[PDB]
Amino acid sequence: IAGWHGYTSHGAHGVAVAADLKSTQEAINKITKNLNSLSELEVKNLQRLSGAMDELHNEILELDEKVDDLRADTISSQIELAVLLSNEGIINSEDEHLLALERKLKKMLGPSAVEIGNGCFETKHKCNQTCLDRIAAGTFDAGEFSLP
Amino acid sequence: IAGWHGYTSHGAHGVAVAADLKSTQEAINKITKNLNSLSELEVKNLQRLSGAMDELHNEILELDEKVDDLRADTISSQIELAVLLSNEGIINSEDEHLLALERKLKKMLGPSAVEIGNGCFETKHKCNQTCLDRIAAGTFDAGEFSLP
Amino acid sequence: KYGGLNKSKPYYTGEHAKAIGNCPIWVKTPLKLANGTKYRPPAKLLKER
Amino acid sequence: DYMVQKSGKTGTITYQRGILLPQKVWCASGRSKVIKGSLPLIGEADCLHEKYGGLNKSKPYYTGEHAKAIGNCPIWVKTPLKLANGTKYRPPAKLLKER
Amino acid sequence: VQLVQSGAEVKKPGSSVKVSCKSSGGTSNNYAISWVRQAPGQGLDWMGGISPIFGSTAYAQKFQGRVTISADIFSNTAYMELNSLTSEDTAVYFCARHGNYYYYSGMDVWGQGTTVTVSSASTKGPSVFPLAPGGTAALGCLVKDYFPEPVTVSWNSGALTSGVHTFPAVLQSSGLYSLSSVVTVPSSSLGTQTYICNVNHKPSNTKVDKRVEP
Amino acid sequence: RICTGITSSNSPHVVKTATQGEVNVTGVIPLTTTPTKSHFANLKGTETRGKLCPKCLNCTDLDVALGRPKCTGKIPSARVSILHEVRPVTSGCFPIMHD
Amino acid sequence: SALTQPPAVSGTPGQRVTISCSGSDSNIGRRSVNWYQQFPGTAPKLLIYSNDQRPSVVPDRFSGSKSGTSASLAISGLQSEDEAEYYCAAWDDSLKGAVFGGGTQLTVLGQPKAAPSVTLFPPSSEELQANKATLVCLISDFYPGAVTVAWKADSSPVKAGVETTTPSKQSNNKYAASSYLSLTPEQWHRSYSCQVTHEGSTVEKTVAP
Ligand SMILES: *[C@@H]1O[C@H](CO)[C@@H](O[C@@H]2O[C@H](CO)[C@@H](O)[C@H](O)[C@H]2NC(C)=O)[C@H](O)[C@H]1NC(C)=O
Ligand SMILES: *[C@@H]1O[C@H](CO)[C@@H](O[C@@H]2O[C@H](CO)[C@@H](O)[C@H](O)[C@H]2NC(C)=O)[C@H](O)[C@H]1NC(C)=O
Ligand SMILES: *[C@@H]1O[C@H](CO)[C@@H](O)[C@H](O)[C@H]1NC(C)=O
């Protein structure tokens, strides 16, 4: 059972299911671009001072530890926000895609059908796999069944 | 050829063009507020320690350099996000303006015209410069050509 | 603190410490990237089996 | 040699023959902002930058070598940042198609 | 994008093997990757595939239960593990990326190809022997008594590749095959350019560099 | 046929956003430059200390600091100073073994 | 297997040739067909996808079609470089997996007779020190790709230690082979000769210890 974005069909043939490849893929690509971007953040690492010796320079080493501790915290917060912003963009792209799927289910199958306002429609004609597959393929013509 | 936001007219007079001053300006002002805001960020600069002497305090100076290096990186990331957020707000304001231009092309020229859903319309009447200029000026009345 | 390690994921949680090389970056909480669609515990736009 | 005496405190010196005893001493207060640079100073500038020398803030940010600096300075950034100044794309529609 | 499959493998019947793919110059995580094998003189055969962001792994019935396909999304790498090995499994393995998230689209990119040879014996790194050489001349590296296939020939740390004709290998009655190479270059290119012949052999981890004088 | 839309330069310029990634826009404003090197200068709006006592001619800072004869005189106050000698030298008076 | 194609097709330069692929309702019937091209010893490339779509790198002389549970690839204006193996493919909804045809070999008629270039190398000194001797006879640029080699041991032919490869075709559409003579350093006579006969005519080379 593939697909992520797709269509349904009720009717007398029972229920039937088919997937919109492009809508599925673009949702995917959005997530993969974010993953790549988050995987390629460049942050400098922290090492010891080369000049500061143990026993001799304990006071400096305490400050060094302090600089590191505050830096880790800052970078953590900075990275956390990046993830929160990524999730924001991914979730928002969902609504763009869904709305675009409704406008496609409104361009096809003509005015002979009536919209439930549910993402779902009530059609005059029967559907089933083949007819639903053409809706998924974007090749469905209403005029098959002599309709507007 | 001025304008940024504006209107078109096809028809028998060939094509014709006119600009919406307020919509152009508000788009502009949005960009200029962002530029000003980004130009007025206040960030403290970095100088040498006054007390730390070369040769005597090399270990401290190495740590000083380290504090500066990490700080530059943090501020760079912080400034970069500010620009990314600005660009977000500017681009989003575009859609608000366009949608508002469609609702204005729907308030004028009445129900006698039919919307392509393209930002473009098909009107019963002729247009040309003068008629298009009144659409741009917001003084266009459908009833000029006895229309609804 | 961890000795030699391999960057299996971009970030890690645990004990922050000095490190060198191609390392995961320390983070306070187990961050998660969205990989999906919204919720919708599920609708009866058919209701069968 | 020198010794620093802070907050009204007395210092001490022990010595034998050939001593150069202190006479006039330095009295200093406040703090100056210091960076590395070279003489002579030529004219004036908004900003003094350790690597670039005197520079004028032509744009709010700069790319290049970060360094210590003082004054009214552009801020260092990792990449050449860009502000939007326009409308979206739309390589262009044929809502007329002519010339 | 370029996808580099892993080195050549030599396995005892019943053990298993693992074959990893790696794509260089961009991720392939938003696409499906399949594994396809080709037995000697035989056709392409689907083993199964994976689509790591989608979260799918699929298998050919004829391999169900015996093959494991996997991916590490963080390293942009895919893997194939095949268990219970048999001489029947001796063939070239192919990984390829599809045009989309699923296995329907035509796989447009592929690996250079993994070859895995099954058998029950220790292998052998071959000696490198070289041949000596107008207009043009000819010169050869003679790679003797190795097991098994394959070997790669490299000339001049792969910078030379003009007129390089790596001949097929002849399986001796002993078990080990011979291999040689013929490269042609101009005649006067004799006393100014030294040629270097390197013949890798992953199964035995062999890697000798041979130079050859006129 | 009256359309509303937005006119463009019909050229792409990539910008980045926080949640929508890269987007093509009709114009951009670069916010950065890469500076170039030049001489140091007086900082505008300030008195900048170079030499400790610039009116002390033919004297170095160390000369002044040790109170070399003919190298005395007022040291101007300064909120900003340039460090131009990592290893200050003398240029007169009784020979010192500095290091 | 699942989809079936003819094992062989042939044509002359510039002719149009077609290659068929028969399937069933469970594959070709309900899913899209893809086609691949493969040269010997290299990996396959995509030639056609979604029934009738070429990659940008593929010449327009290549076209595909699909009817019923069958599919067909057509190659207009045949060239010599089109000689290769071809595979069709589709998803199968019953097996729940990808399937392939058995492959079709396309042969491009029209190639020129070519006499064999021969090179014969004697045993290297290094190898003698390792108490072995190998005579290496390298045969190249011949056509048709049928050669027979004789090893002349002084003037008698040797009954043993001769191993010769099958003919592989070159990049220039001619063929190459190689033959190896293995001898003890003691056996390494005053003359050894590799004899390559190609279409009646015999090419010869010789080395002396
Ligand atoms: C930065 O700007 C200042 C002015 O704000 C420049 O100072 C000028 O320098 C030149 C030659 O020295 C002359 O025009 C004047 O003597 C200065 N003008 C003022 C108002 O002081 C300075 O040269 C600029 N720096 C750079 C590197 O271009
Ligand atoms: C990304 O999300 C997908 C779901 O779309 C995950 O795939 C699922 O994996 C779990 C258990 O393995 C099950 O719910 C399903 O078998 C999978 N779903 C589908 C549609 O196949 C996938 O694992 C996620 N990625 C990661 C790295 O966790
Ligand atoms: C932006 O423009 C480039 C060409 O300059 C194009 O390849 C790209 O697809 C455009 N972006 C989008 C989102 O269409």
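Residues numbered from 1 in each chain as written, not as in the entry; some residues may be left out. Chains lettered and ligands numbered in written order. Part of a larger assembly, values for the part shown. Heavy atoms only, no water. Residues with missing side-chain atoms left out of burial classes, pairs and counts.

As recorded in the PDB header, X-ray crystallography is the method behind this entry, and the stated resolution is 4.100 Å.

1. Points about the overall build of chain G
Basically, it comes down to this: Secondary structure elements follow DSSP: runs of H or I no shorter than four residues count as helices, runs of E no shorter than two count as strands, and numbering proceeds from the N terminus. The quantity called the radius of gyration is restricted to C-alpha atoms. Its globule counterpart is 2.2 Å times the number of residues to the power 0.38. Only protein chains enter the accessibility calculation, which uses a 1.4 Å probe. A residue is then buried if its area is under 20% of the maximum for its type, exposed if over 50%, and partly exposed in between. Surface exposure here means Shrake-Rupley accessible area, sampled with a 1.4 Å probe, where a residue is shielded only by the protein chains that are shown.
Secondary structure summary: chain G contains two helices and 18 strands in total. At 24 Å, chain G has a C-alpha radius of gyration far larger than the 17 Å of a compact globule built from 209 residues. Across the 209 residues of chain G, 45% fall into the buried class. Of the roughly 9900 Å² of accessible surface on chain G, a fraction of 47% belongs to carbon and sulfur atoms.

2. Thoughts on the domain arrangement of chain G
All names here are of chain G. For clarity, the cut-off: Domain start and stop positions are those given by an automatic or database domain assignment. Whether two residues touch is decided by their heavy atoms; if any such pair falls within 4.5 Å, the residues are in contact. By definition, the buried area sums, over both parts, the 1.4 Å-probe accessible area that each loses when the two are put together. By salt bridge we mean one thing: a side-chain nitrogen of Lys or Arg within 4 Å of a carboxyl oxygen of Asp or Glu. Each residue is assigned to one class: nonpolar for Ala, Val, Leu, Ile, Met, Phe, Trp, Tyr, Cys and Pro, charged for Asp, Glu, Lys and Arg, and polar for all the others, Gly among them.
Each assigned domain of chain G is listed with its residue range as follows: domain 1 (1-110) and domain 2 (111-209). Put simply, the middle of domain 1 and the middle of domain 2, counted by C-alpha atoms, are 39 Å apart. Listed as interface residues are five residues of domain 1 and, on the opposing side, four residues of domain 2. Across the domain 1 to domain 2 interface the summed buried area is about 350 Å²; carbon plus sulfur atoms make up 24%. Our count for the domain 1 to domain 2 interface comes out at one salt bridge. Note that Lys169 and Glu83 form a salt bridge whose closest N and O atoms lie 2.4 Å from each other. Split into classes, the residues belonging to the side of domain 1 that touches domain 2 amount to two nonpolar, two polar and one charged.

3. Describing the interface of chain D and chain F
Just so we agree on the cut-off: In this analysis, strands are considered paired if DSSP registers two or more bridges between them.
Counting from both sides, the interface comprises 49 residues of chain D and, opposite them, 44 residues of chain F. Only β1 (33-36), β2 (44-45), β3 (47-49), β4 (53-55), β5 (61-62), β6 (69-71) and β8 (82-84) of chain D provide two or more residues apiece to the side of chain D that touches chain F. At four residues, β1(D) tops the list of elements feeding residues into the side of chain D that touches chain F. The residue makeup of the side of chain D that touches chain F, split by class, is 25 nonpolar, 13 polar and eleven charged. With three bridges connecting them, β8(D) and strand β4 (residues 28-30) of chain F associate as antiparallel partners. The partner of D:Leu83 across the bridge, within β4(F), is F:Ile29.

4. What about the site of ligand 3?
Using the following cut-off: Distances are taken per atom, and a residue is near a molecule or strand as soon as one of its heavy atoms is within 4 Å of it. Whenever a nitrogen or oxygen atom comes within 3.5 Å of another N or O atom, the pair is scored as a polar contact, on the condition that within protein one atom can donate a hydrogen and the other can accept it, and that pairs from neighbouring residues in sequence are kept only if both atoms are in side chains.
Neighbouring ligand 3 are D:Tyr89, F:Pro12 and F:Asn24. Each of chains D and F places residues near ligand 3. Side-chain polar atom of F:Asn24 to an oxygen atom of ligand 3: 2.4 Å apart, as the coordinates give it. Relative to its unbound accessible area of 350 Å², ligand 3 is 28% covered by the protein chains.

5. A look at the packing of helix α1 (residues 21-39) of chain A against helix α2 (residues 58-107) of chain A
Residue and element names in this part refer to chain A. Let me state the cut-off plainly: Orientation is described by lines fitted to C-alpha atoms, with helices fitted over the stretch in contact, and by angles between N-to-C directions that extend from 0 to 180 degrees. Here is the rule for angles: anything less than 35 degrees is roughly parallel, anything more than 145 is roughly antiparallel, 65 through 115 is roughly perpendicular, and the remaining ranges are oblique.
With their axes 10 Å apart at the nearest point, α1 and α2 run at an angle of 170° to one another. Looking at the two axes, α1 sits roughly antiparallel to α2. Along its contact with α1, which presents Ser23, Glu26, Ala27, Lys30, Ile31, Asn34 and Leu38, the element α2 presents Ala82, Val83, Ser86, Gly89, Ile90, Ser93, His97 and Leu101. The residue inventory of the contact of α1 with α2, partitioned by class, reads seven nonpolar, six polar and two charged.

6. Structural notes on the sheet that holds strand β1 (residues 2-5) of chain E
Residue and element names in this part refer to chain E. The strand order β1-β3-β8-β7 describes an open sheet built from four strands, whose pairing is antiparallel. The open sheet has two edge strands, β1 and β7 (67-72), and neither has a second partner. Strand-to-strand twist of the sheet, defined as the mean angle between neighbouring strand axes without regard to direction, takes the value 20°. Bridging between β1 and strand β3 (residues 17-24) involves four bridges; their strand directions are antiparallel. Residue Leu3 lies in a different strand from β3, and its bridge partner there is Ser23.

7. Side note on α1(A)
The cut-off we apply is this: To estimate the expected span of a helix, count its residues, drop one, and scale the result by 1.5 Å.
Taking 1.5 Å of rise per residue, the 19 residues of α1(A) would be expected to cover 27 Å, and the 26 Å separating its terminal C-alpha atoms lies within 8% of that figure. In this fold, the buried residues of α1(A) make contact with α2 of chain A together with β1 (11-12) of chain C.

8. Some thoughts on the nonpolar core
Soluble globular proteins tend to bury their nonpolar side chains together. What counts is decided by this rule: By nonpolar core is meant a set of buried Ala, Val, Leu, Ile, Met, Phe, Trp, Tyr and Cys residues that side-chain atoms within 4.5 Å join together.
Counting 48 residues, the largest nonpolar core has E:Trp46, E:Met80, E:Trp110 and G:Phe100 as its most contacted members. Ignoring anything within four residues of it in the chain, the contact list for E:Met80 reads E:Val17, E:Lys18, E:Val19, E:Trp35, E:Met47, E:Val67, E:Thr68, E:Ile69 and E:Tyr93. Residues G:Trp35, G:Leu73, G:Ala84 and G:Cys88 belong to the second largest nonpolar core, which totals 22 residues.

9. A closer look at the state of the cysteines
Selection rule: For the purposes of this analysis, a disulfide is any pair of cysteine sulfur atoms at a distance within 2.5 Å.
Scanning all chains against the criterion turns up eight disulfides over all chains. Disulfide pairing is shown between E:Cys141 and E:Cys197; the S-S distance is 2.0 Å. A torsion of -135° about the S-S bond marks the disulfide between E:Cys141 and E:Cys197 as left-handed. Taken together, the positions of E:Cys141 in strand β13 (residues 136-146) and E:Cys197 in strand β18 (residues 196-201) put the pair 56 residues apart, joining distant regions of the chain. Residues E:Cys141 and E:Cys197 agree in their burial class; the two are buried. Disulfides within chain G link the bonded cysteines, taken in sequence order, as 1-2, 3-4. A:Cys127 supplies the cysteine sulfur nearest to A:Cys131, a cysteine that is in no disulfide, at a spacing of 3.6 Å.

10. So, the interface of chain C and chain A
Counting residues at the interface gives 23 residues for chain C, matched by 32 residues for chain A. When the residues that make up the side of chain C that touches chain A are grouped by side-chain class, the tally is 13 nonpolar, six polar and four charged.

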